[PDB]
Amino acid sequence: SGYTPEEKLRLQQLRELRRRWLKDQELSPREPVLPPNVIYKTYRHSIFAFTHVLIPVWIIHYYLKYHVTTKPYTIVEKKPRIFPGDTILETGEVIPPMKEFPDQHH
Amino acid sequence: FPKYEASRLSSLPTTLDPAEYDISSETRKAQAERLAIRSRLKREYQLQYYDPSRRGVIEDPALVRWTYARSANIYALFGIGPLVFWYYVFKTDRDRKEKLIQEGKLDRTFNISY
Amino acid sequence: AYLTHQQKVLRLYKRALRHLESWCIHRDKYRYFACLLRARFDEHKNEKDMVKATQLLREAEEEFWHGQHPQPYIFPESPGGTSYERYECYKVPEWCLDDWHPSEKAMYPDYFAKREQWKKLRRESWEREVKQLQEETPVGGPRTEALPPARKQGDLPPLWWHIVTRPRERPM
Amino acid sequence: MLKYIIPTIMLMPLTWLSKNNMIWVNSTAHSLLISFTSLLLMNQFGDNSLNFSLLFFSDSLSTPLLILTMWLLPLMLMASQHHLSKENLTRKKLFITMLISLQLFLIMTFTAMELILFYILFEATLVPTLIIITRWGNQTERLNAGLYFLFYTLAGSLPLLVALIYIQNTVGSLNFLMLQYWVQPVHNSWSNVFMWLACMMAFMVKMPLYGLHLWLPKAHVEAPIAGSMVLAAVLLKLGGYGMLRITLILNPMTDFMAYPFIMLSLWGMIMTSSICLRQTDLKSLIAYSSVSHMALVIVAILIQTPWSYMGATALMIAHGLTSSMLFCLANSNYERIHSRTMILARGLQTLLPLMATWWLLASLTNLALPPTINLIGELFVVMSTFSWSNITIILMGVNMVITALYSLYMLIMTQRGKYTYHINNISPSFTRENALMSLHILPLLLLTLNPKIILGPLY
Amino acid sequence: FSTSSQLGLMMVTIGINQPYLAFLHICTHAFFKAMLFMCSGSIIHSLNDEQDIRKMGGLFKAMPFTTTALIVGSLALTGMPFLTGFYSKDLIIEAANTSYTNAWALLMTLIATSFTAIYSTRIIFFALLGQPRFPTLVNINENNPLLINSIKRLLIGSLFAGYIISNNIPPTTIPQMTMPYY
Amino acid sequence: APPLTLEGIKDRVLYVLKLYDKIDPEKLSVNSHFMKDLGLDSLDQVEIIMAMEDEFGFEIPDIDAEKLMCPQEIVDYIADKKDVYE
Amino acid sequence: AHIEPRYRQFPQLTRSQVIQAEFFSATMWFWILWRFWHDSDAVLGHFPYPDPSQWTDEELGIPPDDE
Amino acid sequence: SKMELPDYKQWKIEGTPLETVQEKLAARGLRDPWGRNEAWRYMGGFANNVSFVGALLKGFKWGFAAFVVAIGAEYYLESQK
Amino acid sequence: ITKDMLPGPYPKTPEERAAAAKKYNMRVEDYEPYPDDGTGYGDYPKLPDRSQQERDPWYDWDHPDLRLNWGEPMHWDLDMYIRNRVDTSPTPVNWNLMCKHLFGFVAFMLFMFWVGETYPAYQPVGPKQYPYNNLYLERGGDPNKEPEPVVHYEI
Amino acid sequence: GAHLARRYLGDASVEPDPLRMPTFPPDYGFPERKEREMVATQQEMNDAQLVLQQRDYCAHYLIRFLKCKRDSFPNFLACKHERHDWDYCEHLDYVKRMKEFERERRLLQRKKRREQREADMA
Amino acid sequence: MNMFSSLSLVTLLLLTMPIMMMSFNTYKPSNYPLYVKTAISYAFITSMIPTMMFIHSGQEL
Ligand SMILES: CCCCCCCCCCCCO[C@@H]1O[C@H](CO)[C@@H](O[C@H]2O[C@H](CO)[C@@H](O)[C@H](O)[C@H]2O)[C@H](O)[C@H]1O
Ligand SMILES: CCCCCCCCCCCCO[C@@H]1O[C@H](CO)[C@@H](O[C@H]2O[C@H](CO)[C@@H](O)[C@H](O)[C@H]2O)[C@H](O)[C@H]1O
Ligand SMILES: CCCCCCCCCCCCO[C@@H]1O[C@H](CO)[C@@H](O[C@H]2O[C@H](CO)[C@@H](O)[C@H](O)[C@H]2O)[C@H](O)[C@H]1O
Ligand SMILES: CCCCCCCCCCCCO[C@@H]1O[C@H](CO)[C@@H](O[C@H]2O[C@H](CO)[C@@H](O)[C@H](O)[C@H]2O)[C@H](O)[C@H]1O
Ligand SMILES: *C(=O)CCCCCCCCCCCCC
């Protein structure tokens, strides 16, 4: 089968041009011509913590403390679970223990 | 081997087609004629595509004919048929619902958004 | 089909081997069956009755269709492969560089100097390329899509720009 | 309303007496100031509307339409000044004069307290629109598009005029405030059936109702960009606004007269969305998209619930900004490839990366991505229409599926894939074109932060 | 397809009225599934964008760290006792077959559990064991610290995360712990 | 993947041919016609292309493959597709 | 770069990848083994399953057949 | 060339599964002419790959050693405490 | 383009077929109009309903993504047959057999899910017992009514 | 279990129905059954915010465990004994339900024999 | 509740600042991927404080 002599010759000619074109896509040394250990890492994470955590949490806390929680039913807590023998901080009340267990065991 | 059975959405493979074989001088003369048309059109396209000073669009008359033929026939699932079908579904549904509301048998205990 | 009988058998052979390779997976296993399959083709290689040879081919195609792998291996960048056309979104045509702002062209003073030479070469060669095709195309238009080579020295092959300057396969 | 009517008229002397090279600068600069002052219309009260005088009033339904109308004039001048750049100077001023006269009629249409005053201004919009399409359209079929637009509208308006004059005769007034207190129920009779049809069929044509929609794709395909922006953004809304006001005096007959028109809208929205999947013309796809979106508004207005009027109000504003944006986006391509065929120029995200972001944002609003006002409006109509009949959720749900399909298909066809090899004149997006899209999308997205001002009087 | 299979198991857990087991499986599945996809990415990258398993093999020693994470991931997925996936999948199956439930649904969930071992062996057997089947120019490299650290953290989760979470969440049901050995 | 070079492609193209038992590794040269010089037939040429496909990890279509008749033609074909200009 | 590619040969490895892989594979097996020793009931069952037939009619309150 | 190709003479089918295939084809009168091109996959560091059980047991030798020590360390403390 | 190069009415005569084919860049033998029946096709050629995915992927098309050449007649439903939409390429299995096996699998699965519902699995265990009258008050029971007590005994 | 095989594929009238049992009076065959005692009061389960399904006859062991869980934070490996106590109670509660099923089965066996004996002797 | 509620929101707010900087374009694309990776790693830590509170006293709000 193979290339005919004209088919072969044309590929040879486009080959020379294509490879010269690809060679011309290379950048010269000056191009592009732009216009005019732990101590460093610790600083880099100190700034990120401050700007991305401390400042946001300062803003959130001020927002939640003085604008959100001053409105009714904006933040609603599931009331704390009380267990037998607990003591209420608000009223100093003691919750009675549970009654004596039948005391099966294994 | 179980023969291939062709559907609308599953066409017959070329390798299983008796036409593709049994070459006839007329079929080759038909194939050679189609290639001539394709090469004539390819040359016509290439002489504009490769022109150094052409900046624009190579208007394709085949694409113009296609859109023109598609946009022309401006004017089942397109008549009274679908409309009447849906008329009775909603009329029947809303008639039953209205009767239940009047008979107090429809629960709207907390329905106050409409 | 445009393909000769000789071309049809070869395409089946390559197709049959590839689907056989999908079934076997293991190379030693594939080698054993690949040689058995080559034997089947070698058996009728010298058949001289083109009605029998044509029959042998058609039956072979039917057997391949029954035995083909439902999920044959595809090279990642071949049509249907998992990387086919993956990079087309990074291929930008070269004419886009004409619209660059001067400040953008100033960062590559040497690339854009070479680019102008190619554009000059394209402008100077075009008229000869058009003439060469006109005086080689038979009356009525071309009969095939094959294009000629350049004949004279200092002539470029007709219709070369979009072949030579096409984007790289890994443009970015 | 004279604090807006007079400044709008002053745009005419300003344009005509401006230096030759400054017509586009001066008109755009001062039309934006008028748009700025239009925010004073938002002094709305819970109970009473804003009734300036015997002629004009504003409530929560007309205010967002008034602000949309005046915002659109500066956007149409930006969209227009390119393809008119070679036009004769005087003909440039007349083109701008037609846009100014259209704003003038429109702001008076939305504030007229008298329905017959509304009708005259409602019907006066035809003249500038028809002139824009037929004079500054670019194709042969702009003449037929003019006639279809003209005679579809008049076919419905002339019955409307007779019905309104009849109503003033028997009620004594057509003042909208008066009609709120003196309205009487409409009883069943063939006479009242035709009074109902006359009062509504003029508005159904402008929406347009499916079945009467075929004038709209014709007009869009043939109109210049500015004609398409006003037509899609505001002129379609005239029908919706008219139906929201006129249905007050059609009860309770609207209970059963609505049925055929709800069926046309419920089925029509599914078919028009499906048609959008096979459209080959980009402008024609967006036109059929409006028919699908406006069918929701017809259904919402006809079922007459507090949630359906809030939804319909939001839909009209949201669709106005979205449809206008989509037309401008397709025009930016057309100014390059000079064709409306959607499949002609592909893979444009590669060549125009920022314009591909505008295309994405516009498509997302078209398919109503939460929490855009496009979804808020669409959702409220779905919630209320479900109450009207649960089965409608199927048609509503299907339409959202199809709406997603063609919105992203239009995005994928033109912006993704491989670029068309032979199209080599895709110049970088101009600052004018980028600013035009940002002026559609930014206000549209900002309204999510405060959507109550586009939810109408039932909010 | 493993993820679809696992999502079905979560939906089964919803069906047998075990919302919290379904949630625990979401959390545990998150660790080893995301690791398997990253282990696969390590292989695909090293074999020049090759994804077909038929052209892999012999990677057990060539990619030691990828191999370790891929075995841990496959064992976690299949419900090896005391890895991250055991603390949800094992509970779910016991709940399903000690419940008033559709018998066909139960059987199909057990057969699918068996299939999970089959296609996990399939990836391990063809990707890692045997002789190499990839092209000749060997570019296997998996020594980037970003690749190692990212998989290393998910490897640790795939081991202990199930244990850590199962011991810290409050109880919200009566876990059925009395049943026949079989 | 690491880049290719013209001499690298030629080295590997011959390397594969040198591991084929129907070719004489001594008679082999970049310009040997697989048919005229090496005595191979159409069926062996197909297998050679498949071996080069497996070597470089990409497919050569049958329309292009049948024309590659000497090792140099294969080398030239690969370089064109991989944009190798060395 | 730090790992030169090879041709038709086993690839080059660093020590760290081999050591780390071996360490984490052992960590898996220590963790599995340690847990058996402490939580073997999670795999075998926490409580015995009674045989329901070993219960007497007296226990279950089944009265005699006659009355 | 930076790169170097290993000498092609070393790729032989003997002692590998490729040899076994040759006898089977030999009994049929056939030969496998690409066998050497496949040989590298069965040689050098690619020979003697672990089995499936061997793979699953990777790390068992030292995981077991640490477990035996840990339980003994626990066994001591309980006896004291 | 000139009006003579646009589509027209259904061709009637052999010369109206000959001229239509030339307009569409087709052989007259290969040209076939859609059957005349007022649907509105006109003289547009009826091309095989084949997806664009079925065309040669290696041929150098003018539009590689659409696999179309410049100037060739576009199928009436080309937008339905782009590579993103309807595909008609041959399947390794027969279409009818795929439908039988897929439906049969679904029909069988639904049958056995029904059998499972009719004959559920469960453990040999009595109903779970809750104190305080089946937790009458905890489950929102009205306290003013006194519920009939639920009594549980040891065993 | 085998119980399903006996019921569906065997005789169903002598196998308990899980949805309806018990189908016999609580006292039948039992002279003086003692009522189960509930250690935890309703208020204790309310304050503990136990899930309603967890408010069964073992809820006092659950409350004790939950309290010990809160107090031993962050030691999440505490409460070994408390967790087991609750788990073990739930086992005995399940075993009681196993006895109920067997009692129901055996009574049905007795019934059928009674019906058979009063059938053949008719 | 002040620490619980405040910290459960900064987790969500922290994930958005990288988005705001890209959109507001006052960032530095020198190593944006590392910036986004760092933001997740901090957001993970801030989300552990609310989780421990839930594990401890069952707190929910
Ligand atoms: C449905 C509610 C409202 C309906 C109102 C309908 C009233 C008629 C409005 C359009 C009037 C247009 O009047 C005339 O119509 C025909 C087609 O319609 C157009 O003519 C066009 O169509 C005809 C036939 O369809 C062709 O023969 C002709 O070549 C073409 O130009 C004319 O160019 C237009 O001037
Ligand atoms: C877009 C198309 C929309 C189509 C909508 C079709 C709606 C059909 C409405 C039918 C109702 C017409 O109105 C109905 O007819 C007549 C008025 O002449 C009234 O009845 C009156 O005339 C009839 C004459 O037959 C007498 O029998 C009756 O004694 C008298 O009271 C009915 O009490 C009234 O309910
Ligand atoms: C409490 C958690 C459990 C703690 C126990 C931790 C496990 C011990 C950590 C060190 C693991 C080192 O593991 C050991 O490393 C060497 C170094 O490669 C491996 O050795 C392997 O590579 C080297 C280099 O070729 C050669 O010794 C040998 O060819 C090969 O077998 C051993 O096969 C492996 O057993
Ligand atoms: C625990 C297992 C869970 C999964 C269980 C899945 C079971 C699903 C069983 C579905 C069976 C349906 O598939 C069934 O197969 C046979 C085998 O060809 C088909 O048979 C078909 O093939 C050949 C011809 O092509 C002929 O036998 C027959 O004429 C034809 O109908 C049936 O037409 C089809 O109904
Ligand atoms: C009976 O108790 C109902 C159980 C429902 C099906 C569970 C499947 C267990 C089969 C037992 C054989 C052992 C094979 C692991």
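Numbers restart at 1 for each chain; the letters A, B, ... are given by sequence-line order, proteins then strands. The basis for the numbers below is simple: all heavy atoms, side chains too, and nothing from hydrogens, waters or symmetry mates. Numbering of ligands and ligand atoms starts at 1, following listing order.
If you check which protein heavy atom lies closest to atom 6 (C) of ligand 4, you get I/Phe105 CD1, 3.7 Å. J/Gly1 N, 2.6 Å is the protein heavy atom nearest to atom 3 (C) of ligand 5. Counting only heavy atoms of the protein, atom 17 (C) of ligand 1 lies nearest to D/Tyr148 OH, 3.7 Å. Ranking protein heavy atoms by distance to atom 7 (C) of ligand 4, first place goes to I/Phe108 CD2, 3.9 Å. Regarding atom 19 (C) of ligand 4, its nearest protein heavy-atom neighbour is I/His101 NE2, 3.8 Å. What sits closest to atom 8 (C) of ligand 5 on the protein, heavy atoms only, is E/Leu110 CD1, 4.0 Å. I/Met109 CE, 3.7 Å is the protein heavy atom nearest to atom 3 (C) of ligand 4.
Using a 4.0 Å cut-off between heavy atoms, D/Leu212 contacts ligand 1 through its side chain alone, with no backbone atom that close.
Listed by number with element, the atoms of ligand 5 under 4.0 Å from a non-hydrogen atom of E/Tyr182 are 2 (O), 11 (C). Within ligand 5, counting atoms from 1 as listed, the ones closer than 4.0 Å to a heavy atom of J/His3 are 1 (C), 2 (O). Atom numbering of ligand 4 starts at 1 in the shown order; those under 4.0 Å from a heavy atom of E/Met108 are 1 (C). For ligand 1, the atoms closer than 4.0 angstrom to any heavy atom of D/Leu147 are 35 (O).
For ligand 5, the polar-atom distance check against I/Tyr122 finds no nitrogen or oxygen pair separated by under 3.5 Å. Backbone and side-chain nitrogen or oxygen atoms of J/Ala2 are examined, and none is located within less than 3.5 angstrom of a nitrogen or oxygen of ligand 5.
Side-chain atoms of B/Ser10 and I/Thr91 include a donor-acceptor pair closer than 3.5 Å. In the model, B/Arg70 has no side-chain atom that pairs as donor or acceptor with a side-chain atom of I/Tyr44 under 3.5 Å. For the residue pair E/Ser2 / E/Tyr119, a side-chain donor-acceptor distance below 3.5 Å is found, with atom types taken as modelled. Counting only N and O atoms by type, the side chains of I/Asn94 and B/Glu5 include no donor and acceptor under 3.5 Å apart. Residues E/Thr13 and E/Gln18 bring no donor and acceptor atom of their side chains to less than 3.5 Å of each other. B/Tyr4 and B/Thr15 form no side-chain donor-acceptor contact under 3.5 Å, judged by distance and modelled atom types alone. Using a 3.5 Å distance cut-off with no hydrogens or angles, the side chains of E/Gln176 and E/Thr98 do not pair a donor with an acceptor.
Residue I/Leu97 holds the heavy atom nearest to atom 22 (O) of ligand 4 of all those in I/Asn96, I/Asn94, I/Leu97, I/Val106. In this comparison of D/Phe151, D/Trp215, D/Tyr152, the heavy atom closest to atom 9 (C) of ligand 1 sits on D/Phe151. Atom 6 (C) of ligand 5 has its nearest heavy-atom neighbour, among E/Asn97, E/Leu107, E/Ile93, E/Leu106, in E/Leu106.
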One pair to check against salt bridge (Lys or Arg N to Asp or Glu O under 4.0 Å): J/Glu102 and J/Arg106. What are the steps and the verdict?
CA-CA 6 Å; J/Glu102 186 64 5; J/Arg106 279 180 191 180; 3.1 Å; yes

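Not a single heavy atom of E/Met179 lies less than 4.0 angstrom from ligand 5.
The protein reaches atom 35 (O) of ligand 1 closely, with a heavy atom under 4.0 angstrom from it. Within a 4.0 Å radius of atom 14 (C) of ligand 5, the protein has no heavy atom. Put simply, atom 24 (C) of ligand 1 has no protein non-hydrogen atoms near it, under 4.0 Å away. There is a protein heavy atom less than 4.0 angstrom from atom 1 (C) of ligand 4. Note that atom 11 (C) of ligand 1 has no protein non-hydrogen atoms nearby, at separations under 4.0 angstrom. The presence of a protein heavy atom under 4.0 Å from atom 32 (C) of ligand 4 is ruled out. Within a 4.0 Å radius of atom 28 (C) of ligand 1, the protein contributes no heavy atom.
Contact of the I/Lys23 side chain with the I/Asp43 side chain is registered, since non-hydrogen atoms from C-beta on lie closer than 4.5 Å. Looking only at side-chain heavy atoms (C-beta outward), D/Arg340 and D/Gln139 come within less than 4.5 Å of each other.
A pairwise comparison of heavy atoms in D/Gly146 and D/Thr134 identifies CA-CG2, 3.9 Å as the closest pair. The two residues D/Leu236 and D/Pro208 have their closest heavy-atom pair at CD2-CD, 4.3 Å.
Relative ring orientation between I/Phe108 and I/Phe111 is described as tilted, the plane-to-plane angle lying within the 30° to 60° band. Note on ring orientation: taking the six-membered ring where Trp is involved, the planes of E/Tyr100 and I/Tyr122 are parallel (angle under 30°, cut-offs 30° and 60°).
In this structure, G/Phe36 has its ring center under 6.0 Å from that of E/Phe82.
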